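Same chain, two forms, each on its own as structure tokens: structure 1, then structure 2.
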Structure 1
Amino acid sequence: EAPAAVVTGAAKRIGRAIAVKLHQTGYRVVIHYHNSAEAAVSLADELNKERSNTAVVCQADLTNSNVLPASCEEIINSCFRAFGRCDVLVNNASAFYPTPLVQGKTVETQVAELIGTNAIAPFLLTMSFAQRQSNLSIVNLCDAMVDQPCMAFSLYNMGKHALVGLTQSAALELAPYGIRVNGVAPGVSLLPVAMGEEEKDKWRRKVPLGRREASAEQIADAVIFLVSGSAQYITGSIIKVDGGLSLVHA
């Protein structure tokens, strides 16, 4: 029987490459998505062409609210429903936008989205994953720039910091259960769709290793390692995949 993984925000970009690589490695996959319905269904189609009944989609808002626990419970449930097991959780889904300290969304909405997706939803999915429980592990998508934050990204940066906190806290507490918890921290990888070309090239010029962003596949490569038998004694570790970017002074 093939193992199963949940990847959140798996319709596009890094999430999608993680889903594709897990599937290539022999995993059945739940493709979680929020708005990207066509892309997710299309990904599941592609993967199911390769091996039938090895991919399903699961829709959910990971914004924080009083029903977020139910939503997170359901994403894990959906893996058991489809595949009868859940071996790997990848916490990939992420809101990323500036929240300036000095001056359409209300600040509480920005808190719910940025802290919910980057931190609370991973926490709740971690609970649900562990509650429903071999090579079990969780990989959180972190950020190599957490200590050199983007200007005016306080809420986002707080979310990612809390994610590091969860990574270590869950590694420690789930170790008795044989669930490993690790992170992968991209620096610059696939740049924002809305980011302009001049900005994209400014960030690219900053990376010591090859003056370019990471491919989604290079990030996924690190996830694959962490879920594998070659990482069986590794828990609580966050692997930077940043081409040295975090080492460059101002």
Structure 2
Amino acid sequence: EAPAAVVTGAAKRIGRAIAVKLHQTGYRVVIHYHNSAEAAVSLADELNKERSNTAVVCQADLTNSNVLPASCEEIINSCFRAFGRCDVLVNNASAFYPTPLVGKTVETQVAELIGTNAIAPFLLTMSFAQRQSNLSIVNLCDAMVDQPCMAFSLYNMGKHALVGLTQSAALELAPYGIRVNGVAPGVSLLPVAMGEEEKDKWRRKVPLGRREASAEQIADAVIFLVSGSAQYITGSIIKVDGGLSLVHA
């Protein structure tokens, strides 16, 4: 019988490439999404057209709140409801915007940035583990985590927390046979609306090819980590950054 995976933030971009590859490898998938309702439903349709009832959608805000634990438990439950099992979790959804130290309130920025990047991953991990052979979790981290963007303290705090979770949960879930790893993009899939000039400014920095990663290149590292070729790999974060994190100021 086919394994099943939850991908958070799977409607668009990297999340979508990850769900597509997982599906192409034989997985059934829960396409989680927040606002991108048309993209998610149409993705699930494209995949079900390929193989009947191998995709379902699941909408949820992953901002930190009193209701997040229940929401995360329901995302995991949706995988069991659809597919009767949950073998892989990909924590991909992420809020990303600056939060300078000097019209959202700060407590909302905290809830979105720390919720999506760290707290929701933790809660989903808890539910994933509680509801349980090649089980694993892949967390989407950030290659530049130690050379942070200016004014992005909460985002960066969130991504650091996520490293912490990857390690802590690898240690704690190893006895249940659940591996926990990360993939750390550098710059990938620059926004379509971003001017090519500014796109080129990031591209120029990348040693390998002076270009951004494709979403599929990030997905490839995920597929490796969930494969049986990574059976002894846990607590590892693989950078897929074309050398960007190695470049000094």
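Residues that one form lacks are left out of the comparison. Counting starts at 1 with the first residue of structure 1 and goes up one by one along its sequence. Note that the rigid core is defined as the largest set of C-alphas that superpose within 1.5 Å between two forms.
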### Summary
Just one entry of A37, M195, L209, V67 has its C-alpha move 2 Å or more between structures 1 and 2 under rigid core superposition, and it is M195
### Query
Supposing the core is put in the same place in both forms, how far has the CA of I239 shifted between structures 1 and 2, in Å?
0.1
### Query
Fitting the two forms on their core, which runs of three or more residues have every Cα moved by 2 Å or more between structures 1 and 2?
192-199
